[PDB]
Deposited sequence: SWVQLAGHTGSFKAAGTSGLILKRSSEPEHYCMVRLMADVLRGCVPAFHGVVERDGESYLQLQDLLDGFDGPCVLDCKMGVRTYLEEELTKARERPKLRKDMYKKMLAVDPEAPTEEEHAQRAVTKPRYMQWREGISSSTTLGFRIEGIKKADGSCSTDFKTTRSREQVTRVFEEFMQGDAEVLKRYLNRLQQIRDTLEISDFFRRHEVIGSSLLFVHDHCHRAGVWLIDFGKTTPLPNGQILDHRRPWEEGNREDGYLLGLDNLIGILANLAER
């Protein structure tokens, strides 16, 4: 039971180091370049899955610089910033920003994480959470996803606390930008449950010896991502649901 990504570099490398970091248990086991990863669904019966995009900012600060010169005008995304609302400029109307617009209507800006999608035992799938922003709304999606199973919620919380601790002493995590990865929640009707970090497509190293705090606000040079601020809240939201 395995899975093959489509190997990119910041990820292969992100993987060649995680299998050597204290975070090894918090991510899919990596199995060389024969990308050969562990299938996190293999141990469940009818897998229920929820992918949480963790972070205050969802684009590499570097993608913003490189974007300051060359334009990336995709007309599809602007079909996106319109059919949702008129917030779009007269310049856009007639011709990163999308992502940072997505962060505000979403939950990434007010609590560093955002629900990307869900898969059920057989309720198929949904990615319709673009405006899920408030804490009450986040809980509602989680509350439904769990279906009253308190044993699953207990296990998800215990794992989040354990992940949080590992992240705080991880030197790898410490020396990196990490943007666009997710916390993938998985559980089944057998009460089985697990949580892992995935997506190391973005995630880059900082200057010689420089480190990130992962909780303070981002400013042009910070390269800060607010990842732990997102985890602090996600845990907060699940601990209250536990009542």
The deposited sequence goes unmodelled at 1 to 18, 53 to 59, 121 to 126, 275
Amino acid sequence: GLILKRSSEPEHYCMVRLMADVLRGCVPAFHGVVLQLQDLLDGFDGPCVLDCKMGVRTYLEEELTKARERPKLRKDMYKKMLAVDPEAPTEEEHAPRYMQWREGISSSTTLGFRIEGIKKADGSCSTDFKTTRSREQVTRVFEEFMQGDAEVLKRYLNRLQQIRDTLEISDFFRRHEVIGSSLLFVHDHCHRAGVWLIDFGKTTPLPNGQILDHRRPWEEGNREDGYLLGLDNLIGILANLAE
From here on, numbers count along this sequence of modelled residues.
Higher of the two mean Cα B-factors (160 to 168, 129 to 137; per PDB record) comes from 129 to 137
Ranked by mean Cα B-factor in the entry, 234 to 242 and 4 to 12, top stretch is 4 to 12
Top Cα B-factor in this entry, restricted to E116, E144, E151, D85, sits on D85
Note to self: of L50, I198, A67, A29, the C-alpha temperature factor tops out at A67
Binned into thirds over the chain's modelled residues, the C-alpha B-factor of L35 lands in the highest
Entry-reported C-alpha B-factor of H94 relative to its chain, by third, is highest
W218: CA temperature factor from the record, placed by chain third, in the highest
Temperature factor at the Cα of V56, chain-ranked in thirds, falls in the middle
On the chain's distribution of Cα B-factors, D188 falls within the third called lowest
